[PDB]
Amino acid sequence: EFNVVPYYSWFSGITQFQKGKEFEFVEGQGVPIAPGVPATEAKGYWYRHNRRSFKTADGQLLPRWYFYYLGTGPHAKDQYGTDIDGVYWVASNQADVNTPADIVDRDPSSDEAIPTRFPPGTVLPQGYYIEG
Ligand SMILES: Nc1ccn([C@@H]2O[C@H](COP(=O)(O)O)[C@@H](O)[C@H]2O)c(=O)n1
């Protein structure tokens, strides 16, 4: 969970389940589908949430990534494509990444997270489980 309230993603997360596997998409891919959003607005980034478990006397919790439209979320002011640890930038070939997406953030319980799905043809990152 989060002990500091997060910026809320419109979408469900993508959880790592195999070590060493890289979170990636093919250029032009990796923007989750939201009804009615034009392709020109399909631009943003996945943000890594590093998770931490507590110590037991048993025997580790891998990161989960969340999507934010460009100009929103915890890296709202960073430039598209810039090398930042824990930020993976994605955009439709139709999007102009110089301009923020004109896309209101989500919440209250005015709207729940949209289950993450990608269009046919999307190369899915092996070793990751899409929540939902
Ligand atoms: N910083 C954030 C932003 C949204 N969320 C949300 O939590 C849900 C995803 O569940 P999991 O974290 O268990 O994958 C979605 O509703 C998603 O938007 C989150 O867990 N951390």
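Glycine also receives a Cβ, built like all others from the backbone with ideal geometry; neighbour counts cover every protein chain displayed. Computed from the coordinates by the stated procedures, all read-outs in this text should not be read as laboratory data.
Mind listing just one residue for me: the one in region 79-95 that is surrounded by 13 or more Cβ atoms within 10 Å (Cβ to Cβ) and closer than 18 Å to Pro38 by Cβ and, of those, nearest to the ligand (Cβ to nearest atom)?
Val90
Quick check: anything in region 97-106 within 12 Å of the ligand (Cβ to nearest atom), closer than 18 Å to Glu41 by Cβ and either in a loop (DSSP other than H, G, I, E, B) or out of contact with any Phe, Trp or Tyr (no Cβ under 6 Å at 6 or more places or on another chain) (or both)?
Yes, region 97-106 contains a residue that is within 12 Å of the ligand (Cβ to nearest atom), closer than 18 Å to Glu41 by Cβ and either in a loop (DSSP other than H, G, I, E, B) or out of contact with any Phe, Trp or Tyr (no Cβ under 6 Å at 6 or more places or on another chain) (or both).
What are the residues in region 41-78 that are more than 20 Å from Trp89 (Cα to Cα), charged (D, E, K, R) and within 16 Å of the ligand (Cβ to nearest atom), if any?
The answer is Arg51, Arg52.
Is it fair to say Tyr80 is under 15 Å from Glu27 (Cβ atoms) and of a type outside the set (S, T, N, Q)?
Spelling it out, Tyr80 is indeed under 15 Å from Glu27 (Cβ atoms) and of a type outside the set (S, T, N, Q).
Take the conditions within 16 Å of the ligand (Cβ to nearest atom) and either aliphatic (A, V, I, L, M) or in contact with a strand residue (DSSP E or B) (Cβ under 6 Å, 6 or more places away or on another chain) (or both) and apply them to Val31. Does it pass?
yes
Confirm whether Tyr45 is in a loop (DSSP other than H, G, I, E, B) and under 14 Å from the mean Cα position of the chain (by Cα). So that I can check it myself, show each step before the final result.
Details: in a loop (DSSP other than H, G, I, E, B): no; under 14 Å from the mean Cα position of the chain (by Cα): yes.
It is false that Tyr45 is in a loop (DSSP other than H, G, I, E, B) and under 14 Å from the mean Cα position of the chain (by Cα).
Tell me yes or no: at least one residue of region 76-83 is more than 13 Å from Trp10 (Cα to Cα), in a loop (DSSP other than H, G, I, E, B) and acidic (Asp, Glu).
Yes, region 76-83 contains at least one residue that is more than 13 Å from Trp10 (Cα to Cα), in a loop (DSSP other than H, G, I, E, B) and acidic (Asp, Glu).
Filtering region 107-132 down to residues that are part of a strand (DSSP E or B) and aromatic (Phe, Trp, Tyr), which residue is nearest to the ligand (Cβ to nearest atom)?
Kept after step one, since they are part of a strand (DSSP E or B), are these residues of region 107-132: 114, 128-130.
Imposing the further condition that a residue be aromatic (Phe, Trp, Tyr) reduces the set to 128-129.
Working: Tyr128: 11, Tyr129: 9 Å.
So, considering only residues that are part of a strand (DSSP E or B) and aromatic (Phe, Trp, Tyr), the one nearest to the ligand (Cβ to nearest atom) is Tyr129.
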